[PDB]
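Each remark here refers to the structure printed beneath this line.
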Amino acid sequence: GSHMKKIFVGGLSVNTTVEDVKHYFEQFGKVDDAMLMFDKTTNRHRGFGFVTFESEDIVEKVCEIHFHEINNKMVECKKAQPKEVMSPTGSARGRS
């Protein structure tokens with residue numbers, strides 16, 4: 001109820017992928033996407049990133065829980081700002 005649609009994630013193994021993070025977060029509700037912070041000196045991620053959610057009603061529990069399992073390693077998550085891309089303005093059009 002009036003929370004944000006995204007979260008921060010940190011403590012990831014170098015073994016863990018962006019697709020692993022996207023998969024492991026789906027246990028609470030639909031994850032739309034995930035991304036990681038890459039180091040251009042190594043082309044590996046720094047052990048941290050972000051996850052996009054279908055609804056802020058899911059994100060409330062995800063962000064309330066401090067620690068989350070990914071590839072059996074535990075990581076923490078935190079608040080992150082939303083981004084506008086959806087549109088609710090559909091209509092139930094039809095005829096007899």
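We name chains A, B, ... following the order of the structure tokens; residues begin at 1 in each chain, and ligands are numbered from 1 as shown.
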
| task | DSSP on the backbone, then: every residue of range 17-63 of chain A marked strand (DSSP E), written as a ChimeraX atom specification. | result | /A:31-39,44-53

Fewer than 4 positions away in the same chain doesn't count, so skip those; otherwise give me all residues within 6 Å of residue 7 in chain A, counting only C-alpha atoms, as number ranges by chain. A: 50-51, 78-80

Write a file of the just-selected residues containing C-alpha atoms, as a tab-separated table (two decimals), in the first residue's frame.
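This is the output file out-v2.tsv:
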```
chain	number	residue	atom	x	y	z
A	50	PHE	CA	18.68	-4.14	-8.23
A	51	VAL	CA	15.35	-6.05	-8.72
A	78	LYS	CA	16.89	-2.58	0.75
A	79	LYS	CA	14.57	0.16	-0.68
A	80	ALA	CA	14.94	1.48	-4.27
```

Quiz prompt | Test item: residues at most 9 Å from residue 25 in chain A, only C-alpha atoms, excluding those fewer than 2 positions along its chain, as a PyMOL selection string | solution = chain A and resi 20-23+27-31+51+62+68-70

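The helix (DSSP H, G or I) portion of chain A consists of residues 18, 19, 20, 21, 22, 23, 24, 25, 26, 27, 56, 57, 58, 59, 60, 61, 62, 63 and 64 of chain A, with states taken from DSSP on the backbone.
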
Taking C-alpha atoms for each residue, export the selection above as a JSON list (two decimals), in the first residue's frame.
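out.json written:
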```
[["chain", "number", "residue", "atom", "x", "y", "z"],
["A", 18, "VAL", "CA", 21.53, -11.83, -12.96],
["A", 19, "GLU", "CA", 19.20, -14.72, -14.00],
["A", 20, "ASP", "CA", 19.85, -16.47, -10.63],
["A", 21, "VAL", "CA", 18.81, -13.26, -8.74],
["A", 22, "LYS", "CA", 15.73, -12.89, -11.04],
["A", 23, "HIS", "CA", 14.75, -16.57, -10.37],
["A", 24, "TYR", "CA", 15.30, -16.59, -6.54],
["A", 25, "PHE", "CA", 13.15, -13.45, -5.92],
["A", 26, "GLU", "CA", 10.03, -14.93, -7.68],
["A", 27, "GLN", "CA", 9.04, -16.91, -4.49],
["A", 56, "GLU", "CA", 4.53, -2.70, -4.43],
["A", 57, "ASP", "CA", 2.24, -5.00, -2.33],
["A", 58, "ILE", "CA", 4.87, -7.78, -2.88],
["A", 59, "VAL", "CA", 7.91, -5.47, -2.27],
["A", 60, "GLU", "CA", 6.64, -4.64, 1.28],
["A", 61, "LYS", "CA", 7.37, -8.23, 2.50],
["A", 62, "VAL", "CA", 10.59, -8.60, 0.40],
["A", 63, "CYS", "CA", 12.09, -5.39, 1.89],
["A", 64, "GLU", "CA", 10.76, -6.25, 5.44]]
```

Notebook entry, point to check: Closest to residue 71 in chain A among A:48, A:40, A:94, A:13, using only C-alpha atoms?
Noted result: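 Under the stated criterion, the closest residue is A:13.
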
Atom pair CA of residue 47 in chain A + CA of residue 17 in chain A, distance 10.2 Å

- Message: I'd like the neighbourhood of residue 81 in chain A as a PyMOL selection string, where a residue qualifies if any of its atoms comes within 9 Å (using only C-alpha atoms), though same-chain residues fewer than 4 positions away should be ignored.
- Response: chain A and resi 4-7

Export N, CA, C and O atoms of the chosen residues as an mmCIF file, in the first residue's frame?
```
data_model
loop_
_atom_site.group_PDB
_atom_site.id
_atom_site.type_symbol
_atom_site.label_atom_id
_atom_site.label_comp_id
_atom_site.auth_asym_id
_atom_site.auth_seq_id
_atom_site.Cartn_x
_atom_site.Cartn_y
_atom_site.Cartn_z
ATOM 1 N N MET A 4 7.193 1.410 -2.840
ATOM 2 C CA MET A 4 7.890 1.469 -4.135
ATOM 3 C C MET A 4 7.887 0.112 -4.868
ATOM 4 O O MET A 4 7.605 -0.928 -4.271
ATOM 5 N N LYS A 5 8.185 0.109 -6.178
ATOM 6 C CA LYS A 5 8.088 -1.081 -7.057
ATOM 7 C C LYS A 5 9.411 -1.824 -7.285
ATOM 8 O O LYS A 5 9.453 -2.786 -8.054
ATOM 9 N N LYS A 6 10.497 -1.384 -6.648
ATOM 10 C CA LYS A 6 11.860 -1.900 -6.839
ATOM 11 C C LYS A 6 12.625 -2.018 -5.518
ATOM 12 O O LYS A 6 12.280 -1.358 -4.536
ATOM 13 N N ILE A 7 13.686 -2.824 -5.516
ATOM 14 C CA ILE A 7 14.588 -3.028 -4.370
ATOM 15 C C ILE A 7 16.063 -3.121 -4.786
ATOM 16 O O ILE A 7 16.389 -3.545 -5.896
#
```

Across A:3, A:34, A:49, A:14, the smallest distance to residue 76 in chain A, with only C-alpha atoms counted, is shown by A:49

- Counting only C-alpha atoms, the residue of A:74, A:10, A:15, A:96 that sits nearest residue 35 in chain A: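 Checking each of A:74, A:10, A:15, A:96 against residue 35 in chain A, counting only C-alpha atoms, the winner is A:10.
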
- Find the residues around residue 85 in chain A up to 12 Å (only C-alpha atoms counted), leave out those fewer than 2 positions away in its own chain, and share them as a ChimeraX atom specification. /A:5,32,52,54,82-83,87-88

For the residues in that selection, give me C-alpha atoms as a compact mmCIF listing (two decimals), in the first residue's frame.
```
# COMPACT_ATOMS: atom_id res chain seq x y z
CA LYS A 5 8.09 -1.08 -7.06
CA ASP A 32 9.69 -8.21 -13.94
CA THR A 52 12.06 -4.85 -10.33
CA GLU A 54 5.17 -6.46 -10.54
CA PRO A 82 10.24 3.24 -8.82
CA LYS A 83 10.22 3.91 -12.63
CA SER A 87 -0.40 2.06 -18.13
CA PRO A 88 -3.70 1.13 -16.30
```
